[PDB]
file target.tsv (TSV, C-alpha atoms)
chain	number	residue	atom	x	y	z
A	79	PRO	CA	-60.78	56.34	49.91
A	80	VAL	CA	-60.31	58.37	46.87
A	81	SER	CA	-56.55	58.38	46.07
A	82	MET	CA	-55.44	56.56	42.98
A	83	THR	CA	-52.90	54.83	45.21
A	84	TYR	CA	-55.65	52.38	46.12
A	85	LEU	CA	-55.54	51.08	42.57
A	86	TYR	CA	-52.04	49.46	42.90
A	87	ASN	CA	-52.57	46.17	44.68
A	88	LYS	CA	-55.23	43.57	45.06
A	89	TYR	CA	-56.20	44.28	48.64
A	90	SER	CA	-56.67	47.98	48.37
A	91	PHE	CA	-58.46	47.59	44.97
A	92	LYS	CA	-60.85	45.17	46.66
A	93	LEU	CA	-61.48	47.82	49.30
A	94	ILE	CA	-62.36	50.34	46.60
A	95	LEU	CA	-64.69	47.93	44.87
A	96	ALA	CA	-66.32	47.14	48.21
A	97	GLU	CA	-66.69	50.71	49.09
A	98	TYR	CA	-68.26	51.49	45.69
A	99	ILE	CA	-70.79	48.74	46.21
A	100	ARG	CA	-71.61	49.54	49.84
A	101	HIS	CA	-72.01	53.24	49.34
A	102	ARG	CA	-72.97	53.73	45.68
A	103	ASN	CA	-75.80	55.93	46.81
A	104	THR	CA	-73.71	58.67	48.49
A	105	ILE	CA	-70.09	58.07	47.47
A	106	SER	CA	-67.88	60.71	45.85
A	107	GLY	CA	-64.60	60.56	43.90
A	108	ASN	CA	-63.42	60.05	40.37
A	109	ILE	CA	-62.76	56.38	40.77
A	110	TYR	CA	-66.43	55.94	41.67
A	111	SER	CA	-67.85	58.20	38.95
A	112	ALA	CA	-65.82	56.12	36.55
A	113	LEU	CA	-67.14	52.86	37.90
A	114	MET	CA	-70.71	54.32	37.58
A	115	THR	CA	-70.28	54.26	33.77
A	116	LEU	CA	-70.48	50.45	33.95
A	117	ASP	CA	-74.28	50.69	34.43
A	118	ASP	CA	-74.47	51.00	30.71
A	119	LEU	CA	-73.12	47.45	30.25
A	120	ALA	CA	-75.50	46.03	32.83
A	121	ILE	CA	-78.35	47.63	30.99
A	122	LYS	CA	-77.11	46.02	27.72
A	123	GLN	CA	-76.71	42.59	29.32
A	124	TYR	CA	-80.12	42.42	31.03
A	125	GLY	CA	-82.66	45.01	29.91
A	126	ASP	CA	-84.65	47.31	32.17
A	127	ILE	CA	-82.88	46.90	35.53
A	128	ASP	CA	-86.00	47.90	37.55
A	129	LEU	CA	-87.80	44.94	35.85
A	130	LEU	CA	-84.88	42.59	36.65
A	131	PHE	CA	-85.00	43.59	40.29
A	132	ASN	CA	-88.76	43.93	40.96
A	133	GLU	CA	-90.32	41.15	38.84
A	134	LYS	CA	-87.57	38.68	38.11
A	135	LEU	CA	-85.18	38.58	41.15
A	136	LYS	CA	-87.68	39.88	43.76
A	137	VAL	CA	-85.00	41.67	45.54
A	138	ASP	CA	-87.21	43.22	48.20
A	139	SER	CA	-87.98	39.70	49.52
A	140	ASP	CA	-86.56	38.14	52.65
A	141	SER	CA	-84.18	36.26	50.27
A	142	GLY	CA	-83.30	39.10	47.91
A	143	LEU	CA	-79.66	39.18	48.93
A	144	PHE	CA	-79.04	35.50	48.26
A	145	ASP	CA	-81.14	35.35	45.15
A	146	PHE	CA	-79.23	38.29	43.73
A	147	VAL	CA	-75.86	36.79	44.55
A	148	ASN	CA	-77.00	33.54	43.10
A	149	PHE	CA	-78.07	35.29	39.88
A	150	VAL	CA	-74.74	36.90	39.54
A	151	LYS	CA	-72.38	34.03	40.54
A	152	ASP	CA	-71.29	32.81	37.09
A	153	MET	CA	-70.69	36.37	35.99
A	154	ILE	CA	-68.09	37.32	38.66
A	155	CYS	CA	-65.62	35.08	36.74
A	156	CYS	CA	-66.71	35.80	33.23
A	157	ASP	CA	-67.06	39.68	33.46
A	158	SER	CA	-66.60	41.47	36.76
A	159	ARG	CA	-67.71	44.86	35.42
A	160	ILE	CA	-71.25	43.63	34.97
A	161	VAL	CA	-71.42	42.30	38.52
A	162	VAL	CA	-69.92	45.39	40.15
A	163	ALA	CA	-72.34	47.66	38.25
A	164	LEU	CA	-75.27	45.44	39.10
A	165	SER	CA	-74.15	44.93	42.67
A	166	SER	CA	-73.79	48.69	43.12
A	167	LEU	CA	-77.25	49.33	41.70
A	168	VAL	CA	-78.98	46.77	43.89
A	169	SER	CA	-77.07	48.19	46.87
A	170	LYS	CA	-78.33	51.63	46.15
A	171	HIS	CA	-81.83	50.27	46.01
A	172	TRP	CA	-81.45	48.53	49.32
A	173	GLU	CA	-80.01	51.65	50.83
A	174	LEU	CA	-82.98	53.73	49.76
A	175	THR	CA	-85.29	51.03	51.07
A	176	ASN	CA	-83.95	50.86	54.69
A	177	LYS	CA	-81.86	47.71	54.21
A	178	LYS	CA	-78.30	49.17	54.48
A	179	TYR	CA	-77.26	45.92	56.16
A	180	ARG	CA	-77.54	44.16	52.81
A	181	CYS	CA	-75.35	46.79	51.15
A	182	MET	CA	-72.50	45.84	53.44
A	183	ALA	CA	-73.22	42.17	53.28
A	184	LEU	CA	-73.14	42.14	49.49
A	185	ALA	CA	-70.13	44.44	49.04
A	186	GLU	CA	-67.68	42.51	51.18
A	187	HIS	CA	-68.60	39.17	49.42
A	188	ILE	CA	-68.64	40.29	45.82
A	189	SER	CA	-65.39	42.25	46.09
A	190	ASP	CA	-63.58	39.35	47.71
A	191	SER	CA	-65.08	36.74	45.32
A	192	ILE	CA	-63.77	38.24	42.08
A	193	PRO	CA	-60.91	35.92	41.01
A	194	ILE	CA	-57.48	37.57	41.09
A	195	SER	CA	-56.87	37.36	37.33
A	196	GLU	CA	-60.33	38.90	36.55
A	197	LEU	CA	-59.51	41.52	39.18
A	198	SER	CA	-56.16	42.35	37.52
A	199	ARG	CA	-58.04	42.71	34.23
A	200	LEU	CA	-60.62	45.05	35.75
A	201	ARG	CA	-58.00	47.36	37.14
A	202	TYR	CA	-56.07	47.41	33.89
A	203	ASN	CA	-59.13	48.52	31.98
A	204	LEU	CA	-60.21	50.89	34.76
A	205	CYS	CA	-56.84	52.63	34.73
A	206	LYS	CA	-56.82	52.95	30.91
A	207	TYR	CA	-60.18	54.83	31.11
A	208	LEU	CA	-59.16	56.81	34.13
A	209	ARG	CA	-56.05	58.24	32.48
A	210	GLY	CA	-57.92	59.01	29.30
A	211	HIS	CA	-56.72	56.35	26.89
A	212	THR	CA	-60.06	54.79	26.25
A	213	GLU	CA	-63.61	56.10	25.81
A	214	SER	CA	-64.97	53.46	28.11
A	215	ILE	CA	-63.81	50.83	30.58
A	216	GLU	CA	-62.97	47.90	28.36
A	217	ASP	CA	-62.28	44.24	28.88
A	218	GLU	CA	-58.91	43.61	27.26
A	219	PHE	CA	-56.43	41.35	29.00
A	220	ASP	CA	-52.88	42.70	29.35
B	79	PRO	CA	-91.57	41.45	69.92
B	80	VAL	CA	-92.55	38.06	71.62
B	81	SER	CA	-95.40	36.11	73.46
B	82	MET	CA	-96.79	32.55	73.57
B	83	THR	CA	-99.86	32.96	71.31
B	84	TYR	CA	-97.59	34.40	68.62
B	85	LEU	CA	-96.43	30.80	68.31
B	86	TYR	CA	-99.57	29.60	66.46
B	87	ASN	CA	-99.67	31.96	63.51
B	88	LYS	CA	-97.04	30.90	60.92
B	89	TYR	CA	-95.83	34.48	60.06
B	90	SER	CA	-95.76	35.20	63.73
B	91	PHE	CA	-93.49	32.10	64.21
B	92	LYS	CA	-91.20	33.02	61.32
B	93	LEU	CA	-90.83	36.31	63.16
B	94	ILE	CA	-89.86	34.58	66.39
B	95	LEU	CA	-87.20	32.44	64.75
B	96	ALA	CA	-85.95	35.53	62.88
B	97	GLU	CA	-85.77	37.58	66.07
B	98	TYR	CA	-83.94	34.68	67.81
B	99	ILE	CA	-81.36	34.41	65.09
B	100	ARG	CA	-80.86	38.18	64.71
B	101	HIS	CA	-80.46	38.88	68.43
B	102	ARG	CA	-79.39	35.64	70.07
B	103	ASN	CA	-76.76	37.62	71.89
B	104	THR	CA	-79.10	39.96	73.88
B	105	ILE	CA	-82.57	38.58	73.49
B	106	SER	CA	-84.71	37.68	76.52
B	107	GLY	CA	-87.74	35.48	77.14
B	108	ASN	CA	-88.59	31.83	77.57
B	109	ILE	CA	-89.29	30.94	73.98
B	110	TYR	CA	-85.73	32.08	73.33
B	111	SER	CA	-84.09	30.38	76.36
B	112	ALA	CA	-85.90	27.25	75.06
B	113	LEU	CA	-84.57	27.63	71.55
B	114	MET	CA	-81.01	27.91	72.95
B	115	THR	CA	-81.18	24.23	74.06
B	116	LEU	CA	-80.96	23.33	70.37
B	117	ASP	CA	-77.22	24.07	70.67
B	118	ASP	CA	-76.78	20.55	72.01
B	119	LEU	CA	-78.02	19.09	68.76
B	120	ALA	CA	-75.74	21.21	66.69
B	121	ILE	CA	-72.89	20.07	68.90
B	122	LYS	CA	-73.86	16.42	68.58
B	123	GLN	CA	-74.16	16.81	64.77
B	124	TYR	CA	-70.99	18.82	64.03
B	125	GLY	CA	-68.47	18.69	66.89
B	126	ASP	CA	-66.67	21.56	68.59
B	127	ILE	CA	-68.51	24.53	67.09
B	128	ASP	CA	-65.60	26.97	67.40
B	129	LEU	CA	-63.60	24.51	65.28
B	130	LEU	CA	-66.44	24.46	62.70
B	131	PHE	CA	-66.65	28.22	62.50
B	132	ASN	CA	-62.94	29.04	62.64
B	133	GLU	CA	-61.27	26.17	60.66
B	134	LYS	CA	-63.90	24.79	58.33
B	135	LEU	CA	-66.27	27.67	57.52
B	136	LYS	CA	-63.84	30.60	57.97
B	137	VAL	CA	-66.81	32.44	59.25
B	138	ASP	CA	-64.85	35.71	59.70
B	139	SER	CA	-63.86	35.90	56.06
B	140	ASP	CA	-65.43	38.32	53.62
B	141	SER	CA	-67.51	35.33	52.34
B	142	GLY	CA	-68.52	33.90	55.72
B	143	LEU	CA	-72.19	34.74	55.46
B	144	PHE	CA	-72.45	32.93	52.13
B	145	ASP	CA	-70.17	30.03	53.07
B	146	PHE	CA	-72.28	29.64	56.22
B	147	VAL	CA	-75.56	29.66	54.36
B	148	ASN	CA	-74.16	27.41	51.73
B	149	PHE	CA	-73.03	24.92	54.44
B	150	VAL	CA	-76.42	24.84	56.03
B	151	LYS	CA	-78.53	24.89	52.81
B	152	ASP	CA	-79.55	21.18	52.66
B	153	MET	CA	-80.58	21.17	56.31
B	154	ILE	CA	-83.26	23.88	55.98
B	155	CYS	CA	-85.86	21.18	55.04
B	156	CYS	CA	-84.29	18.16	56.69
B	157	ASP	CA	-83.58	19.50	60.26
B	158	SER	CA	-84.63	23.03	61.05
B	159	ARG	CA	-83.52	22.50	64.70
B	160	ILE	CA	-79.93	22.30	63.75
B	161	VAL	CA	-80.02	25.15	61.32
B	162	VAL	CA	-81.69	27.49	63.74
B	163	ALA	CA	-79.22	26.59	66.52
B	164	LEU	CA	-76.26	27.00	64.20
B	165	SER	CA	-77.59	30.18	62.57
B	166	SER	CA	-78.14	31.78	65.98
B	167	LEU	CA	-74.70	30.73	67.18
B	168	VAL	CA	-72.95	32.22	64.14
B	169	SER	CA	-75.11	35.31	64.52
B	170	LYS	CA	-73.93	35.77	68.12
B	171	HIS	CA	-70.35	35.48	66.96
B	172	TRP	CA	-70.86	38.12	64.26
B	173	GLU	CA	-72.56	40.45	66.72
B	174	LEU	CA	-69.55	40.17	69.02
B	175	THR	CA	-67.11	40.54	66.11
B	176	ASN	CA	-68.55	43.85	64.93
B	177	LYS	CA	-70.66	42.51	62.10
B	178	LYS	CA	-74.25	42.93	63.23
B	179	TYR	CA	-75.17	43.57	59.64
B	180	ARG	CA	-74.58	39.89	59.02
B	181	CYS	CA	-77.04	38.89	61.79
B	182	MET	CA	-79.80	40.87	60.09
B	183	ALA	CA	-79.00	39.44	56.70
B	184	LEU	CA	-78.90	35.87	57.97
B	185	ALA	CA	-82.05	35.89	60.14
B	186	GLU	CA	-84.39	37.12	57.37
B	187	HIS	CA	-83.11	34.56	54.82
B	188	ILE	CA	-83.00	31.52	57.08
B	189	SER	CA	-86.36	32.15	58.73
B	190	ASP	CA	-88.19	32.82	55.41
B	191	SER	CA	-86.48	29.78	53.83
B	192	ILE	CA	-87.75	27.10	56.27
B	193	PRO	CA	-90.55	25.26	54.37
B	194	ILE	CA	-93.98	25.75	55.89
B	195	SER	CA	-94.27	22.02	56.75
B	196	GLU	CA	-90.96	22.15	58.64
B	197	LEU	CA	-92.00	25.32	60.33
B	198	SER	CA	-95.05	23.45	61.74
B	199	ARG	CA	-92.99	20.51	62.92
B	200	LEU	CA	-90.60	22.81	64.74
B	201	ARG	CA	-93.43	24.76	66.38
B	202	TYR	CA	-95.18	21.54	67.51
B	203	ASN	CA	-92.03	20.16	69.09
B	204	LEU	CA	-91.15	23.49	70.73
B	205	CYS	CA	-94.62	23.76	72.32
B	206	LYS	CA	-94.40	20.22	73.68
B	207	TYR	CA	-91.12	21.31	75.36
B	208	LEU	CA	-92.57	24.56	76.54
B	209	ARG	CA	-95.49	22.79	78.26
B	210	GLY	CA	-93.20	20.41	80.13
B	211	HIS	CA	-94.42	17.44	78.15
B	212	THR	CA	-91.01	16.69	76.72
B	213	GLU	CA	-87.42	16.60	78.07
B	214	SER	CA	-86.12	18.39	75.02
B	215	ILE	CA	-87.24	19.74	71.64
B	216	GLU	CA	-87.95	16.73	69.43
B	217	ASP	CA	-88.80	16.22	65.81
B	218	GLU	CA	-91.92	14.10	65.84
B	219	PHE	CA	-94.32	14.92	62.96
B	220	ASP	CA	-97.27	17.23	63.78
B	221	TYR	CA	-99.76	14.93	62.14
B	222	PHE	CA	-100.74	11.31	62.37
B	223	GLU	CA	-98.95	8.52	60.75
B	224	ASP	CA	-100.28	6.38	57.79

call {"tool": "encode", "arguments": {"input": "target.tsv", "output": "structure tokens"}}
result
Amino acid sequence: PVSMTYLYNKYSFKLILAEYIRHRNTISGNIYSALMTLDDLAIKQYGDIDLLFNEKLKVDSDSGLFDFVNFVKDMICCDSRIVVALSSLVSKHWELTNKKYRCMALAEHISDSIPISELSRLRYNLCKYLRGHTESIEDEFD
Amino acid sequence: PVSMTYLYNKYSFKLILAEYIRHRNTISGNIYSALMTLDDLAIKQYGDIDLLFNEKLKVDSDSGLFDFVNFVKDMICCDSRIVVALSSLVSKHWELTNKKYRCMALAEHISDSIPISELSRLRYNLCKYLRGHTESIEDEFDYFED
């Protein structure tokens, strides 16, 4: 799922977000490489991500999935680009750690939990970056 | 894995509950056939379980795992019997609905989230049932009273 046609409505944009989160580790296509640039914001919000994951959220634990989601729940409304970056990074970690099943479990929930108006905003700013109007994926409302 | 001595080490028991929840649909052995009888309690507590899963929890939605866990959160200390019956039932459903990944994710969290006191209570009542001392799996405390 790589065509820009997936960017035009809420369902197929959710699919793209879900696919990015599930498969961050191995996924190819410009939409995804663009979304990767969101890491930078996640790093600015929290600091060292490895520290966030290994010492603070304890993401390798039997409860990592739920603790992570819980940590990120107020953010999905406020600023979805932080939570998709962070969700994609944790997913990658779980993938490389033989817990793929969490990748899927997280991706479906986070993508479907982003409120529709925040989702509209994300795609607006995504598309602006993707067609070259903006140096980075911003957070303007239309 | 599974066997009767594995009951009386706490990690070993966490692993049994986890295996039961993960694989309710295919799993074999008496500890597990015994744990299935907890369905009755879940049915007495909530009513028709298909109604619970399909109308109230919307268990097949993209949020089902988290709506399920959220529904069952307060019970993890209060009544582990119910939450293990209900977790294993929703796991079976997910396994049959092409979402095994949810079974895995659920088992690990629920089984590692039961407080150690409640873990003991459950094990004590299960063993009473397993030895034929009890008609069903109860919830008497595993220590003496006052």

call {"tool": "interface_residues", "arguments": {"input": "target.tsv", "of": "chain A", "to": "chain B", "cutoff": "10 Å", "atoms": "all atoms listed in the file", "output": "CSV table (one decimal) with C-alpha atoms, keeping the file's coordinate frame"}}
result
chain,number,residue,atom,x,y,z
A,139,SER,CA,-88.0,39.7,49.5
A,140,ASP,CA,-86.6,38.1,52.6
A,141,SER,CA,-84.2,36.3,50.3
A,142,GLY,CA,-83.3,39.1,47.9
A,143,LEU,CA,-79.7,39.2,48.9
A,144,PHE,CA,-79.0,35.5,48.3
A,145,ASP,CA,-81.1,35.4,45.2
A,147,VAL,CA,-75.9,36.8,44.6
A,177,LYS,CA,-81.9,47.7,54.2
A,178,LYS,CA,-78.3,49.2,54.5
A,179,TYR,CA,-77.3,45.9,56.2
A,180,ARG,CA,-77.5,44.2,52.8
A,181,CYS,CA,-75.4,46.8,51.2
A,182,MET,CA,-72.5,45.8,53.4
A,183,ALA,CA,-73.2,42.2,53.3
A,184,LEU,CA,-73.1,42.1,49.5
A,185,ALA,CA,-70.1,44.4,49.0
A,186,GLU,CA,-67.7,42.5,51.2
A,187,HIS,CA,-68.6,39.2,49.4
A,188,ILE,CA,-68.6,40.3,45.8
A,189,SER,CA,-65.4,42.2,46.1
A,190,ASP,CA,-63.6,39.4,47.7
A,191,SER,CA,-65.1,36.7,45.3

call {"tool": "residues_around", "arguments": {"input": "target.tsv", "residues": "residue B:88", "least_positions_apart": "4", "cutoff": "12 Å", "atoms": "only C-alpha atoms", "output": "list in words"}}
result
residues 83, 84, 92, 93, 94, 95, 189, 190, 192, 193, 194, 195, 196, 197, 198, 199, 200, 201 and 202 of chain B

call {"tool": "closest_residue", "arguments": {"input": "target.tsv", "among": "A:136, A:214, A:96, A:192", "to": "residue A:158", "atoms": "all atoms listed in the file"}}
result
A:192

call {"tool": "residues_around", "arguments": {"input": "target.tsv", "residues": "stretch 117-127 of chain B", "least_positions_apart": "2", "cutoff": "7 Å", "atoms": "all atoms listed in the file", "output": "ChimeraX atom specification"}}
result
/B:114-115,129-131,160,163-164

call {"tool": "write_last_selection", "arguments": {"input": "target.tsv", "atoms": "C-alpha atoms", "output": "PDB file, in the frame of the given file"}}
result
ATOM      1  CA  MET B 114     -81.010  27.910  72.950  1.00  0.00           C
ATOM      2  CA  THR B 115     -81.180  24.230  74.060  1.00  0.00           C
ATOM      3  CA  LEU B 129     -63.600  24.510  65.280  1.00  0.00           C
ATOM      4  CA  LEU B 130     -66.440  24.460  62.700  1.00  0.00           C
ATOM      5  CA  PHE B 131     -66.650  28.220  62.500  1.00  0.00           C
ATOM      6  CA  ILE B 160     -79.930  22.300  63.750  1.00  0.00           C
ATOM      7  CA  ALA B 163     -79.220  26.590  66.520  1.00  0.00           C
ATOM      8  CA  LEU B 164     -76.260  27.000  64.200  1.00  0.00           C
TER       9      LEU B 164
END

call {"tool": "atom_distance", "arguments": {"input": "target.tsv", "atom1": "atom CA of residue A:220", "atom2": "atom CA of residue A:199"}}
result
7.1 Å

call {"tool": "closest_residue", "arguments": {"input": "target.tsv", "among": "A:89, A:134, A:129, A:166", "to": "residue A:105", "atoms": "all atoms listed in the file"}}
result
A:166

call {"tool": "atom_distance", "arguments": {"input": "target.tsv", "atom1": "atom CA of residue A:209", "atom2": "atom CA of residue A:163"}}
result
20.3 Å

call {"tool": "atom_distance", "arguments": {"input": "target.tsv", "atom1": "atom CA of residue B:136", "atom2": "atom CA of residue A:92"}}
result
18.7 Å

call {"tool": "build_atoms", "arguments": {"input": "target.tsv", "residues": "stretch 88-100 of chain A", "atoms": "N, CA and C atoms", "output": "PDB file, in the coordinates of the input"}}
result
ATOM      1  N   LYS A  88     -53.988  44.266  45.093  1.00  0.00           N
ATOM      2  CA  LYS A  88     -55.230  43.570  45.060  1.00  0.00           C
ATOM      3  C   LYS A  88     -56.052  43.893  46.278  1.00  0.00           C
ATOM      4  N   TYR A  89     -55.424  44.045  47.428  1.00  0.00           N
ATOM      5  CA  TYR A  89     -56.200  44.280  48.640  1.00  0.00           C
ATOM      6  C   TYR A  89     -56.843  45.640  48.625  1.00  0.00           C
ATOM      7  N   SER A  90     -56.088  46.661  48.300  1.00  0.00           N
ATOM      8  CA  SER A  90     -56.670  47.980  48.370  1.00  0.00           C
ATOM      9  C   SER A  90     -57.654  48.243  47.166  1.00  0.00           C
ATOM     10  N   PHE A  91     -57.506  47.506  46.067  1.00  0.00           N
ATOM     11  CA  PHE A  91     -58.460  47.590  44.970  1.00  0.00           C
ATOM     12  C   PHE A  91     -59.770  46.914  45.396  1.00  0.00           C
ATOM     13  N   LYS A  92     -59.671  45.810  46.119  1.00  0.00           N
ATOM     14  CA  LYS A  92     -60.850  45.170  46.660  1.00  0.00           C
ATOM     15  C   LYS A  92     -61.605  46.111  47.603  1.00  0.00           C
ATOM     16  N   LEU A  93     -60.861  46.897  48.368  1.00  0.00           N
ATOM     17  CA  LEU A  93     -61.480  47.820  49.300  1.00  0.00           C
ATOM     18  C   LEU A  93     -62.316  48.859  48.541  1.00  0.00           C
ATOM     19  N   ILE A  94     -61.765  49.340  47.445  1.00  0.00           N
ATOM     20  CA  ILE A  94     -62.360  50.340  46.600  1.00  0.00           C
ATOM     21  C   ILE A  94     -63.619  49.747  45.991  1.00  0.00           C
ATOM     22  N   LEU A  95     -63.518  48.545  45.445  1.00  0.00           N
ATOM     23  CA  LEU A  95     -64.690  47.930  44.870  1.00  0.00           C
ATOM     24  C   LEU A  95     -65.807  47.752  45.930  1.00  0.00           C
ATOM     25  N   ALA A  96     -65.399  47.408  47.140  1.00  0.00           N
ATOM     26  CA  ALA A  96     -66.320  47.140  48.210  1.00  0.00           C
ATOM     27  C   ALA A  96     -66.950  48.403  48.677  1.00  0.00           C
ATOM     28  N   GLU A  97     -66.187  49.463  48.624  1.00  0.00           N
ATOM     29  CA  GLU A  97     -66.690  50.710  49.090  1.00  0.00           C
ATOM     30  C   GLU A  97     -67.692  51.244  48.052  1.00  0.00           C
ATOM     31  N   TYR A  98     -67.396  51.023  46.765  1.00  0.00           N
ATOM     32  CA  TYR A  98     -68.260  51.490  45.690  1.00  0.00           C
ATOM     33  C   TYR A  98     -69.595  50.801  45.845  1.00  0.00           C
ATOM     34  N   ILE A  99     -69.573  49.526  46.239  1.00  0.00           N
ATOM     35  CA  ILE A  99     -70.790  48.740  46.210  1.00  0.00           C
ATOM     36  C   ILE A  99     -71.607  49.094  47.439  1.00  0.00           C
ATOM     37  N   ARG A 100     -70.958  49.157  48.593  1.00  0.00           N
ATOM     38  CA  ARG A 100     -71.610  49.540  49.840  1.00  0.00           C
ATOM     39  C   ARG A 100     -72.333  50.883  49.755  1.00  0.00           C
TER      40      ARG A 100
END
